[PDB]
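**Q** You'll find upload.tsv just under this line, and it carries TSV, C-alpha atoms and all ligand atoms.
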chain	number	residue	atom	x	y	z
A	1	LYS	CA	-0.03	9.15	-27.69
A	2	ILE	CA	3.58	10.23	-28.10
A	3	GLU	CA	6.20	8.01	-26.50
A	4	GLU	CA	8.63	6.87	-29.29
A	5	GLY	CA	10.45	3.60	-29.61
A	6	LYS	CA	11.66	3.67	-25.95
A	7	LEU	CA	10.05	2.86	-22.50
A	8	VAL	CA	9.17	5.47	-19.71
A	9	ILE	CA	8.09	4.02	-16.34
A	10	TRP	CA	6.41	5.80	-13.45
A	11	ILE	CA	6.67	4.25	-9.95
A	12	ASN	CA	6.10	5.79	-6.47
A	13	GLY	CA	9.01	7.36	-4.68
A	14	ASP	CA	8.81	4.92	-1.77
A	15	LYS	CA	9.56	1.86	-4.03
A	16	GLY	CA	12.92	0.61	-5.34
A	17	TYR	CA	13.08	2.72	-8.48
A	18	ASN	CA	16.89	2.32	-8.57
A	19	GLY	CA	16.48	-1.51	-8.61
A	20	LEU	CA	13.94	-0.93	-11.40
A	21	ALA	CA	16.43	1.28	-13.29
A	22	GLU	CA	19.09	-1.59	-13.02
A	23	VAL	CA	16.52	-3.79	-14.67
A	24	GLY	CA	15.85	-1.28	-17.48
A	25	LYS	CA	19.61	-1.30	-18.05
A	26	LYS	CA	19.93	-4.91	-19.00
A	27	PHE	CA	16.74	-4.54	-21.04
A	28	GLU	CA	18.45	-1.95	-23.11
A	29	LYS	CA	21.92	-3.46	-23.16
A	30	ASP	CA	20.09	-6.52	-24.57
A	31	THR	CA	17.77	-4.72	-26.83
A	32	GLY	CA	18.64	-1.18	-27.79
A	33	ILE	CA	15.44	0.18	-26.21
A	34	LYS	CA	16.48	2.48	-23.43
A	35	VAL	CA	14.30	2.57	-20.35
A	36	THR	CA	13.75	5.79	-18.33
A	37	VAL	CA	12.41	5.39	-14.68
A	38	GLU	CA	10.61	8.31	-13.03
A	39	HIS	CA	8.89	8.82	-9.72
A	40	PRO	CA	6.72	11.93	-9.97
A	41	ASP	CA	4.91	13.12	-6.84
A	42	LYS	CA	1.12	12.33	-6.90
A	43	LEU	CA	1.70	10.11	-9.90
A	44	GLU	CA	-1.49	8.23	-9.18
A	45	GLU	CA	-3.21	11.52	-9.64
A	46	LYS	CA	-0.98	12.84	-12.39
A	47	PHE	CA	-1.46	9.71	-14.54
A	48	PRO	CA	-5.16	10.09	-15.42
A	49	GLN	CA	-4.50	13.70	-16.18
A	50	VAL	CA	-1.66	13.30	-18.72
A	51	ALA	CA	-2.77	9.86	-20.02
A	52	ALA	CA	-6.17	11.26	-20.77
A	53	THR	CA	-4.38	13.50	-23.33
A	54	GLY	CA	-2.85	10.39	-24.87
A	55	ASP	CA	0.58	10.96	-23.20
A	56	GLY	CA	2.25	9.91	-19.82
A	57	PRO	CA	4.44	6.83	-19.17
A	58	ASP	CA	4.38	3.68	-21.30
A	59	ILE	CA	4.05	1.80	-17.93
A	60	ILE	CA	2.52	2.79	-14.59
A	61	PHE	CA	2.97	1.11	-11.24
A	62	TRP	CA	0.52	1.59	-8.36
A	63	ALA	CA	-1.45	-0.58	-5.83
A	64	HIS	CA	-4.41	-2.20	-7.74
A	65	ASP	CA	-7.17	-0.10	-5.99
A	66	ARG	CA	-6.54	2.78	-8.51
A	67	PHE	CA	-6.71	0.49	-11.65
A	68	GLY	CA	-10.58	0.03	-11.97
A	69	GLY	CA	-10.89	3.81	-12.36
A	70	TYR	CA	-8.08	4.05	-14.91
A	71	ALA	CA	-9.66	1.20	-16.93
A	72	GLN	CA	-13.18	2.76	-16.85
A	73	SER	CA	-11.77	6.04	-18.17
A	74	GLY	CA	-10.14	3.87	-20.88
A	75	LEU	CA	-6.39	4.52	-19.91
A	76	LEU	CA	-5.08	1.06	-19.86
A	77	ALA	CA	-4.58	-1.69	-22.39
A	78	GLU	CA	-5.94	-5.19	-21.83
A	79	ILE	CA	-3.00	-7.51	-21.31
A	80	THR	CA	-2.91	-11.15	-22.45
A	81	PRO	CA	-0.51	-13.55	-20.78
A	82	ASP	CA	-1.06	-17.17	-21.70
A	83	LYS	CA	-1.99	-19.72	-19.12
A	84	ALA	CA	1.66	-20.67	-19.00
A	85	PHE	CA	2.73	-17.21	-18.00
A	86	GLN	CA	-0.37	-16.87	-15.88
A	87	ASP	CA	0.63	-20.10	-14.10
A	88	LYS	CA	3.77	-18.57	-12.65
A	89	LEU	CA	1.71	-16.21	-10.44
A	90	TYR	CA	-0.56	-16.72	-7.55
A	91	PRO	CA	-4.12	-16.61	-8.94
A	92	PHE	CA	-5.62	-14.44	-6.24
A	93	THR	CA	-3.12	-11.82	-7.62
A	94	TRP	CA	-4.61	-11.96	-11.20
A	95	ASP	CA	-8.09	-11.48	-9.69
A	96	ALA	CA	-6.97	-8.21	-8.14
A	97	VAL	CA	-6.19	-6.86	-11.64
A	98	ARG	CA	-9.38	-7.89	-13.38
A	99	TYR	CA	-11.84	-5.23	-14.24
A	100	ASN	CA	-15.14	-6.39	-15.80
A	101	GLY	CA	-13.49	-9.79	-16.35
A	102	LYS	CA	-10.49	-8.45	-18.47
A	103	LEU	CA	-6.92	-8.31	-17.11
A	104	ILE	CA	-5.68	-4.68	-17.01
A	105	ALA	CA	-2.33	-5.09	-15.33
A	106	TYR	CA	0.47	-7.41	-14.19
A	107	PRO	CA	0.49	-8.07	-10.42
A	108	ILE	CA	3.96	-7.64	-8.88
A	109	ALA	CA	3.73	-7.92	-5.06
A	110	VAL	CA	1.38	-8.16	-2.10
A	111	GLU	CA	1.63	-5.29	0.35
A	112	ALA	CA	0.28	-5.27	3.97
A	113	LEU	CA	1.25	-2.96	6.86
A	114	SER	CA	2.98	-4.55	9.97
A	115	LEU	CA	3.89	-3.40	13.49
A	116	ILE	CA	7.69	-2.63	13.50
A	117	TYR	CA	9.20	-2.34	16.98
A	118	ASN	CA	12.61	-1.47	18.45
A	119	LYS	CA	13.79	-4.67	20.16
A	120	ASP	CA	16.07	-2.63	22.37
A	121	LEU	CA	13.31	-0.33	23.79
A	122	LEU	CA	10.67	-3.16	23.61
A	123	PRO	CA	11.87	-6.74	23.42
A	124	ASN	CA	8.17	-7.81	23.55
A	125	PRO	CA	5.65	-5.91	21.39
A	126	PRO	CA	2.23	-5.10	22.83
A	127	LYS	CA	-0.54	-7.49	21.73
A	128	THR	CA	-3.29	-4.89	22.11
A	129	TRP	CA	-3.97	-1.35	21.04
A	130	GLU	CA	-5.43	-0.83	24.52
A	131	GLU	CA	-2.13	-1.23	26.40
A	132	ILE	CA	-0.43	1.40	24.30
A	133	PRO	CA	-1.38	4.42	26.45
A	134	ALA	CA	0.17	2.85	29.59
A	135	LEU	CA	3.18	1.89	27.61
A	136	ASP	CA	3.73	5.51	26.36
A	137	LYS	CA	3.41	6.77	29.94
A	138	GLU	CA	6.41	4.56	30.91
A	139	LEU	CA	8.64	5.38	27.91
A	140	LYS	CA	7.91	9.09	28.11
A	141	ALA	CA	9.39	9.20	31.61
A	142	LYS	CA	12.58	8.03	29.84
A	143	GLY	CA	12.37	10.72	27.11
A	144	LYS	CA	10.85	8.25	24.45
A	145	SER	CA	7.35	7.41	22.99
A	146	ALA	CA	5.54	4.21	22.37
A	147	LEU	CA	4.35	4.76	18.75
A	148	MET	CA	4.46	7.10	15.84
A	149	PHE	CA	3.09	6.47	12.31
A	150	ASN	CA	1.81	8.47	9.36
A	151	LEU	CA	-1.57	10.04	10.32
A	152	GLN	CA	-1.88	12.07	7.16
A	153	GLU	CA	-2.63	8.92	4.88
A	154	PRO	CA	-5.85	7.00	5.64
A	155	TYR	CA	-4.13	3.83	4.54
A	156	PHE	CA	-2.13	3.80	7.88
A	157	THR	CA	-5.12	4.37	10.07
A	158	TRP	CA	-7.64	2.04	8.27
A	159	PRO	CA	-6.51	-1.14	10.12
A	160	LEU	CA	-7.77	0.25	13.43
A	161	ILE	CA	-10.98	1.66	11.88
A	162	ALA	CA	-11.78	-1.60	10.24
A	163	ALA	CA	-10.85	-3.81	13.32
A	164	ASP	CA	-14.19	-3.63	15.18
A	165	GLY	CA	-16.27	-3.46	11.92
A	166	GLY	CA	-15.61	-0.39	9.68
A	167	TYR	CA	-15.67	-1.32	5.97
A	168	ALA	CA	-15.42	0.38	2.56
A	169	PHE	CA	-18.06	-1.26	0.23
A	170	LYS	CA	-20.06	-4.34	1.10
A	171	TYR	CA	-19.18	-7.23	-1.19
A	172	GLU	CA	-22.59	-8.81	-1.96
A	173	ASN	CA	-23.26	-11.59	-4.55
A	174	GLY	CA	-20.32	-11.26	-6.89
A	175	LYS	CA	-20.05	-7.52	-6.61
A	176	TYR	CA	-19.55	-4.45	-4.50
A	177	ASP	CA	-22.59	-2.50	-3.44
A	178	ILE	CA	-21.59	1.15	-3.90
A	179	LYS	CA	-24.44	2.33	-1.73
A	180	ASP	CA	-23.55	0.05	1.21
A	181	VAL	CA	-20.58	1.78	2.98
A	182	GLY	CA	-19.28	1.09	6.56
A	183	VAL	CA	-17.39	4.21	7.31
A	184	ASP	CA	-19.85	5.52	9.83
A	185	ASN	CA	-21.00	2.36	11.59
A	186	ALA	CA	-20.38	1.50	15.28
A	187	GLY	CA	-16.97	-0.25	14.61
A	188	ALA	CA	-15.62	2.54	12.53
A	189	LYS	CA	-16.71	5.09	15.20
A	190	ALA	CA	-15.06	3.03	18.05
A	191	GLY	CA	-11.81	2.83	16.03
A	192	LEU	CA	-11.45	6.51	15.19
A	193	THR	CA	-12.47	7.50	18.76
A	194	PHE	CA	-9.64	5.39	20.14
A	195	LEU	CA	-7.21	7.11	17.79
A	196	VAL	CA	-8.42	10.66	18.65
A	197	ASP	CA	-8.18	9.76	22.35
A	198	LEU	CA	-4.47	8.88	21.81
A	199	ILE	CA	-3.92	12.35	20.53
A	200	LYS	CA	-6.20	14.05	23.04
A	201	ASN	CA	-4.16	12.49	25.84
A	202	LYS	CA	-0.83	13.40	24.29
A	203	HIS	CA	0.33	9.93	23.30
A	204	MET	CA	0.40	10.99	19.68
A	205	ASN	CA	0.39	14.16	17.65
A	206	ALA	CA	-2.08	15.09	15.00
A	207	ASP	CA	0.65	16.33	12.70
A	208	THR	CA	2.77	13.15	12.39
A	209	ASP	CA	3.48	12.41	8.80
A	210	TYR	CA	5.58	9.79	6.92
A	211	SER	CA	8.91	11.57	7.39
A	212	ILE	CA	8.41	12.58	11.05
A	213	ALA	CA	7.39	8.91	11.88
A	214	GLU	CA	10.21	7.48	9.89
A	215	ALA	CA	12.92	9.76	11.40
A	216	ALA	CA	11.53	9.16	14.85
A	217	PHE	CA	11.83	5.36	14.72
A	218	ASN	CA	15.09	5.33	12.78
A	219	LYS	CA	16.75	7.66	15.40
A	220	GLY	CA	15.58	5.56	18.31
A	221	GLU	CA	13.07	7.99	19.72
A	222	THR	CA	9.87	5.97	19.36
A	223	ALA	CA	9.59	2.28	20.23
A	224	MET	CA	7.14	1.27	17.33
A	225	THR	CA	5.89	2.46	13.94
A	226	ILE	CA	3.43	0.94	11.41
A	227	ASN	CA	4.73	0.70	7.84
A	228	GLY	CA	5.01	-1.57	4.72
A	229	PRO	CA	7.91	-3.62	3.35
A	230	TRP	CA	9.36	-0.67	1.40
A	231	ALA	CA	10.45	1.08	4.73
A	232	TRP	CA	12.68	-1.87	5.88
A	233	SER	CA	15.65	-0.62	3.85
A	234	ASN	CA	16.15	2.63	5.72
A	235	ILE	CA	15.66	0.87	9.03
A	236	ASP	CA	18.44	-1.58	8.14
A	237	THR	CA	20.62	1.30	7.24
A	238	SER	CA	20.07	3.00	10.58
A	239	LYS	CA	20.96	-0.38	12.23
A	240	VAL	CA	18.04	-0.08	14.79
A	241	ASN	CA	17.44	-3.62	16.29
A	242	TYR	CA	13.86	-4.10	14.96
A	243	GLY	CA	11.27	-6.83	14.68
A	244	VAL	CA	8.28	-6.92	12.27
A	245	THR	CA	5.09	-8.52	13.62
A	246	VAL	CA	1.30	-8.75	13.59
A	247	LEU	CA	-0.60	-5.51	14.28
A	248	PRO	CA	-2.26	-5.24	17.73
A	249	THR	CA	-5.91	-6.18	18.30
A	250	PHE	CA	-8.57	-3.73	19.15
A	251	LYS	CA	-11.60	-4.93	21.25
A	252	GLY	CA	-10.14	-8.36	20.85
A	253	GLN	CA	-10.38	-8.34	17.02
A	254	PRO	CA	-7.42	-8.27	14.70
A	255	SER	CA	-6.39	-4.90	13.11
A	256	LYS	CA	-7.38	-5.40	9.39
A	257	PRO	CA	-5.11	-3.69	6.90
A	258	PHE	CA	-6.40	-3.05	3.38
A	259	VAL	CA	-4.11	-5.20	1.18
A	260	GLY	CA	-2.61	-3.76	-2.01
A	261	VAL	CA	-1.26	-5.71	-4.97
A	262	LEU	CA	1.57	-3.56	-6.46
A	263	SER	CA	0.69	-3.57	-10.19
A	264	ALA	CA	2.16	-2.47	-13.61
A	265	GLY	CA	-0.25	-1.19	-16.26
A	266	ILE	CA	0.32	-0.27	-19.91
A	267	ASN	CA	-0.77	3.11	-21.15
A	268	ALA	CA	-3.48	2.53	-23.75
A	269	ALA	CA	-1.76	5.52	-25.48
A	270	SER	CA	1.66	3.77	-25.88
A	271	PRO	CA	3.16	2.76	-29.22
A	272	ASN	CA	5.47	0.48	-27.24
A	273	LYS	CA	2.97	-2.18	-25.95
A	274	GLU	CA	4.93	-5.14	-27.25
A	275	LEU	CA	8.21	-3.78	-25.80
A	276	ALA	CA	6.33	-3.13	-22.55
A	277	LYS	CA	5.01	-6.67	-22.48
A	278	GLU	CA	8.50	-8.13	-23.23
A	279	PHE	CA	9.98	-6.13	-20.31
A	280	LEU	CA	7.35	-7.01	-17.79
A	281	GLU	CA	6.90	-10.72	-18.56
A	282	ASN	CA	10.49	-11.53	-19.57
A	283	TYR	CA	12.74	-9.05	-17.58
A	284	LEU	CA	10.95	-7.85	-14.42
A	285	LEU	CA	8.62	-10.70	-13.73
A	286	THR	CA	11.50	-13.19	-13.27
A	287	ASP	CA	13.44	-14.23	-10.07
A	288	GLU	CA	16.29	-12.04	-11.21
A	289	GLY	CA	14.33	-8.91	-12.03
A	290	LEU	CA	12.30	-9.07	-8.82
A	291	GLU	CA	15.47	-9.47	-6.85
A	292	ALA	CA	17.22	-6.35	-8.29
A	293	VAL	CA	14.13	-4.38	-7.24
A	294	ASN	CA	13.75	-6.07	-3.78
A	295	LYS	CA	17.46	-5.36	-2.86
A	296	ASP	CA	16.70	-1.65	-3.46
A	297	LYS	CA	13.39	-1.43	-1.44
A	298	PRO	CA	11.77	-4.72	-0.33
A	299	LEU	CA	8.58	-5.61	-2.19
A	300	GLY	CA	6.70	-7.66	0.43
A	301	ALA	CA	5.25	-11.06	-0.65
A	302	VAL	CA	5.81	-11.35	-4.52
A	303	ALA	CA	3.17	-12.74	-6.89
A	304	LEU	CA	5.87	-14.86	-8.69
A	305	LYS	CA	5.68	-18.22	-7.03
A	306	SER	CA	9.32	-19.17	-7.62
A	307	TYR	CA	10.76	-16.02	-5.98
A	308	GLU	CA	8.07	-15.96	-3.28
A	309	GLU	CA	9.31	-19.38	-2.36
A	310	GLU	CA	12.75	-17.99	-1.51
A	311	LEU	CA	11.24	-14.85	0.10
A	312	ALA	CA	9.61	-16.09	3.06
A	313	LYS	CA	11.17	-18.01	5.35
A	314	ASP	CA	11.98	-14.38	6.12
A	315	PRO	CA	10.14	-13.67	9.35
A	316	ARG	CA	9.39	-10.06	8.10
A	317	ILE	CA	7.67	-11.61	5.10
A	318	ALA	CA	5.85	-14.12	7.28
A	319	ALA	CA	4.48	-11.27	9.36
A	320	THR	CA	3.50	-9.39	6.21
A	321	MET	CA	1.49	-12.48	5.16
A	322	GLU	CA	-0.15	-12.84	8.53
A	323	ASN	CA	-1.37	-9.18	8.60
A	324	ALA	CA	-2.41	-9.60	4.97
A	325	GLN	CA	-4.47	-12.72	5.92
A	326	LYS	CA	-6.29	-10.72	8.64
A	327	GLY	CA	-6.87	-7.90	6.28
A	328	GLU	CA	-8.87	-7.54	3.08
A	329	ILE	CA	-7.73	-7.01	-0.45
A	330	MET	CA	-8.94	-3.56	-1.62
A	331	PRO	CA	-11.70	-3.20	-4.19
A	332	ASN	CA	-10.41	-1.74	-7.56
A	333	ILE	CA	-13.85	-0.17	-8.45
A	334	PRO	CA	-13.77	3.48	-9.74
A	335	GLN	CA	-15.39	4.54	-6.47
A	336	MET	CA	-12.09	3.79	-4.48
A	337	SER	CA	-10.88	7.32	-5.15
A	338	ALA	CA	-14.03	8.94	-3.57
A	339	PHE	CA	-13.74	6.62	-0.59
A	340	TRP	CA	-10.09	7.58	0.00
A	341	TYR	CA	-10.52	11.34	-0.24
A	342	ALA	CA	-13.60	11.23	2.00
A	343	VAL	CA	-11.82	9.09	4.63
A	344	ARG	CA	-8.69	11.28	4.38
A	345	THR	CA	-10.61	14.41	5.28
A	346	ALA	CA	-12.56	12.70	8.05
A	347	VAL	CA	-9.49	11.51	9.98
A	348	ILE	CA	-7.56	14.71	9.67
A	349	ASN	CA	-10.58	16.79	10.74
A	350	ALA	CA	-11.22	14.42	13.66
A	351	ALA	CA	-7.56	14.14	14.78
A	352	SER	CA	-7.10	17.94	14.55
A	353	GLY	CA	-10.31	18.33	16.67
A	354	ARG	CA	-12.00	20.38	13.92
A	355	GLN	CA	-14.91	17.88	13.96
A	356	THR	CA	-16.06	15.22	16.37
A	357	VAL	CA	-15.77	11.59	15.24
A	358	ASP	CA	-19.57	11.27	14.72
A	359	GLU	CA	-19.66	14.43	12.60
A	360	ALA	CA	-16.52	13.44	10.62
A	361	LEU	CA	-17.68	9.91	9.74
A	362	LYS	CA	-21.10	11.02	8.90
A	363	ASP	CA	-19.89	13.55	6.41
A	364	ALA	CA	-17.63	10.99	4.92
A	365	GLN	CA	-20.51	8.53	4.58
A	366	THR	CA	-22.59	11.19	2.77
A	367	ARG	CA	-19.76	12.20	0.57
A	368	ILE	CA	-19.14	8.60	-0.53
A	369	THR	CA	-22.71	7.54	-1.22
A	370	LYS	CA	-23.92	10.77	-2.91
A	401	LIG	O1	-3.89	6.68	2.00
A	401	LIG	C1	-4.70	6.35	0.79
A	401	LIG	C2	-3.86	5.66	-0.25
A	401	LIG	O2	-3.71	4.30	0.20
A	401	LIG	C3	-3.07	3.42	-0.62
A	401	LIG	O3	-1.79	3.92	-0.99
A	401	LIG	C4	-0.64	3.27	-0.37
A	401	LIG	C5	0.02	2.41	-1.40
A	401	LIG	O4	-0.86	1.30	-1.70
A	401	LIG	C6	1.29	1.81	-0.85
A	401	LIG	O5	1.96	1.14	-1.90
A	401	LIG	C7	2.20	2.90	-0.29
A	401	LIG	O6	2.81	3.55	-1.31
A	401	LIG	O7	1.59	3.98	0.30
A	401	LIG	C8	0.31	4.46	-0.01
A	401	LIG	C9	-0.25	5.29	1.16
A	401	LIG	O8	0.62	6.44	1.18
A	401	LIG	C10	-3.76	3.33	-2.00
A	401	LIG	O9	-3.08	2.41	-2.88
A	401	LIG	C11	-3.91	4.70	-2.61
A	401	LIG	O10	-4.70	4.70	-3.81
A	401	LIG	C12	-4.61	5.62	-1.57
A	401	LIG	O11	-4.75	6.97	-2.07
Output the structure of this file as structure tokens.
Ligand SMILES: OC[C@H]1O[C@H](O[C@H]2[C@H](O)[C@@H](O)[C@@H](O)O[C@@H]2CO)[C@H](O)[C@@H](O)[C@@H]1O
**A**
Amino acid sequence: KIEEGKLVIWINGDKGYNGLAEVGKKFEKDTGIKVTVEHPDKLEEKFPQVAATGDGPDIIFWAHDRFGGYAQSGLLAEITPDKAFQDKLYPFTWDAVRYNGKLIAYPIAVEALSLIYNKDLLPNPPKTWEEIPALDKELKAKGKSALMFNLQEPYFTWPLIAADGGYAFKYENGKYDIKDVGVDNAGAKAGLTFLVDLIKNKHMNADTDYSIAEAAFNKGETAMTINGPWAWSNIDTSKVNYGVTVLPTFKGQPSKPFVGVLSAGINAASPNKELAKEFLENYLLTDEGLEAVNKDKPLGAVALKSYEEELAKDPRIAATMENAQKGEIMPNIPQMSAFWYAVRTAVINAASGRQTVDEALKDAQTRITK
């Protein structure tokens, strides 16, 4: 079970782990329990492995889609905030962290992808995916490109796949039907085809990853990128003149991002649960704790009503909420990990031209429902 009489936290590398570390600091200065903040690579993958052995962090932060699986494997402790503490948070955010009716984590923030554009190359962002090719044609003549975003992570591409009808698991009478998947239907096929055509026709490259896309927009070479709130910090730092807005429509329907609820879970294997709960509910989940974190890497829309209230007014935040509203909150069922790996292969194989769209989506469909 290990741990000690201290706190070890694991959070993804794209989040404000230094803001989080500033918050451990006044936990410790006010308590004697020192907090250690780490951001291992693949932590979402590494957790189940080391926690399974009874070790790992005291507290783990990830989007809520991974939590149903952790809970089913028994890796998380059931938390118990009272109705007063519960009351401070938006209720749709506690729903995201419920597995078989029990709460298995504290909801922190509401994440949705947005279109980010360079106001200096493109004062007015395109309203449609369909006018992007033309747009690229024009910029390219000027040594630039219309759009670049991470193609290696299915999370970035799902909004387009889902726009005209693709879907993960059908939500039917209080639960998700694991055998009803919409990764190979006509909307999903139209969506991926459109993407592959972008590449085919040299508007985009099959290899773009997170770093390539980020450096491109931050250096002024591409006019738009698609990313979450956590990327805003580096943009600010590069001083590009950027706007954040709704994603473009495809076939007249809104792009539909999967929405993630950034969440903090307690290792079932920790000796520190009480410490952990003090920290979360009394240090981090305050206006002050959230703001130390948000000044490091922006969180998006926060689940704490009080702070959220001050947060947006911010047009970046308003846009985040609008894309979120057109999207769908992810399922947290154990099957989310099969879905993601199947959809990850499919896109890469289709973008790389190793498989046709029809072949890629069909394999994915089979893989998921097996
Ligand atoms: O690409 C699949 C991946 O999508 C989501 O991960 C997001 C995460 O929610 C965001 O907070 C941000 O960090 O980036 C990730 C994509 O790189 C799922 O939460 C995750 O389970 C899934 O594997």
**Q** Could you tell me which of A:42, A:277, A:26, A:34 comes closest to ligand LIG 401 (chain A) if we count all atoms listed in the file?
**A**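 Closest residue, counting all atoms listed in the file: A:42.
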**Q** Within 12 Å of (6.3, -5.6, -28.1) (file coordinates; all atoms listed in the file), which protein or nucleic acid residues are there? I'd like them as a list in words.
**A**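 Those within range, by chain then number, are residues 5, 6, 7, 31, 33, 58, 79, 266, 270, 271, 272, 273, 274, 275, 276, 277, 278, 279, 280, 281 and 282 of chain A.
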**Q** Report as number ranges by chain all protein, DNA and RNA residues lying within 7 Å of range 304-321 of chain A, evaluated on all atoms listed in the file, omitting residues in the same chain fewer than 6 positions from it.
**A** A: 88-90, 112-114, 244-246, 287
**Q** Can you tell me which residues sit at most 9 Å away from ligand LIG 401 (chain A), counting all atoms listed in the file, written as a CSV table (one decimal) with C-alpha atoms, in the frame of the given file?
**A**
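Writing the result to pocket23.csv gives the following:
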chain,number,residue,atom,x,y,z
A,12,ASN,CA,6.1,5.8,-6.5
A,13,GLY,CA,9.0,7.4,-4.7
A,14,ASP,CA,8.8,4.9,-1.8
A,15,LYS,CA,9.6,1.9,-4.0
A,44,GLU,CA,-1.5,8.2,-9.2
A,45,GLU,CA,-3.2,11.5,-9.6
A,62,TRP,CA,0.5,1.6,-8.4
A,63,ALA,CA,-1.4,-0.6,-5.8
A,64,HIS,CA,-4.4,-2.2,-7.7
A,65,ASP,CA,-7.2,-0.1,-6.0
A,66,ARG,CA,-6.5,2.8,-8.5
A,111,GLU,CA,1.6,-5.3,0.4
A,112,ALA,CA,0.3,-5.3,4.0
A,150,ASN,CA,1.8,8.5,9.4
A,152,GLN,CA,-1.9,12.1,7.2
A,153,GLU,CA,-2.6,8.9,4.9
A,154,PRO,CA,-5.8,7.0,5.6
A,155,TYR,CA,-4.1,3.8,4.5
A,156,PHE,CA,-2.1,3.8,7.9
A,157,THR,CA,-5.1,4.4,10.1
A,158,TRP,CA,-7.6,2.0,8.3
A,210,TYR,CA,5.6,9.8,6.9
A,227,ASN,CA,4.7,0.7,7.8
A,228,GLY,CA,5.0,-1.6,4.7
A,230,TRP,CA,9.4,-0.7,1.4
A,258,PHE,CA,-6.4,-3.0,3.4
A,259,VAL,CA,-4.1,-5.2,1.2
A,260,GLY,CA,-2.6,-3.8,-2.0
A,261,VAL,CA,-1.3,-5.7,-5.0
A,262,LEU,CA,1.6,-3.6,-6.5
A,330,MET,CA,-8.9,-3.6,-1.6
A,336,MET,CA,-12.1,3.8,-4.5
A,337,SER,CA,-10.9,7.3,-5.2
A,340,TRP,CA,-10.1,7.6,0.0
A,341,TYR,CA,-10.5,11.3,-0.2
A,343,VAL,CA,-11.8,9.1,4.6
A,344,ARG,CA,-8.7,11.3,4.4
**Q** Using only C-alpha atoms, which residue out of A:97, A:269, A:23, A:147 lies closest to residue 57 in chain A?
**A**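 Looking only at the distances to residue 57 in chain A, the closest residue turns out to be A:269.
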**Q** With all atoms listed in the file as the atoms that count, which of A:186, A:303, A:361, A:139 lies nearest to residue 121 in chain A?
**A**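 So, comparing all the options, the nearest one is A:139.
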**Q** Restricting the calculation to only C-alpha atoms, which member of A:339, A:99, A:149, A:242 is positioned closest to residue 205 in chain A?
**A**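 Answer, going by the shortest atom-to-atom distance: A:149.
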**Q** Which one is closest to residue 70 in chain A: A:268, A:20, A:301, A:350? Count all atoms listed in the file.
**A** A:268
**Q** For residue 302 in chain A, which residue among A:93, A:356, A:36, A:225 is the nearest when counting only C-alpha atoms?
**A** A:93
**Q** To one decimal place in Å, what is the distance between CA of residue 243 in chain A and CA of residue 164 in chain A?
**A** 25.7 Å
**Q** Please, what distance in Å, to one decimal, runs between CA of residue 38 in chain A and CA of residue 284 in chain A?
**A**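 Value for the CA of residue 38 in chain A-CA of residue 284 in chain A distance: 16.2 Å.
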**Q** Work out how far CA of residue 229 in chain A is from CA of residue 187 in chain A, in Å to one decimal.
**A**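 Separating CA of residue 187 in chain A from CA of residue 229 in chain A is a distance of 27.5 Å.
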**Q** For residue 251 in chain A, please output as number ranges by chain all residues within 12 Å (counting all atoms listed in the file; exclusion window: fewer than 6 positions along the same chain).
**A** A: 127-131, 160-165, 187, 190-191, 194
**Q** List the residues sitting within 12 Å of (-16.7, 12.2, 1.3) in the file's frame, using all atoms listed in the file, as a ChimeraX atom specification.
**A** /A:168,181,183-184,335-347,359-370
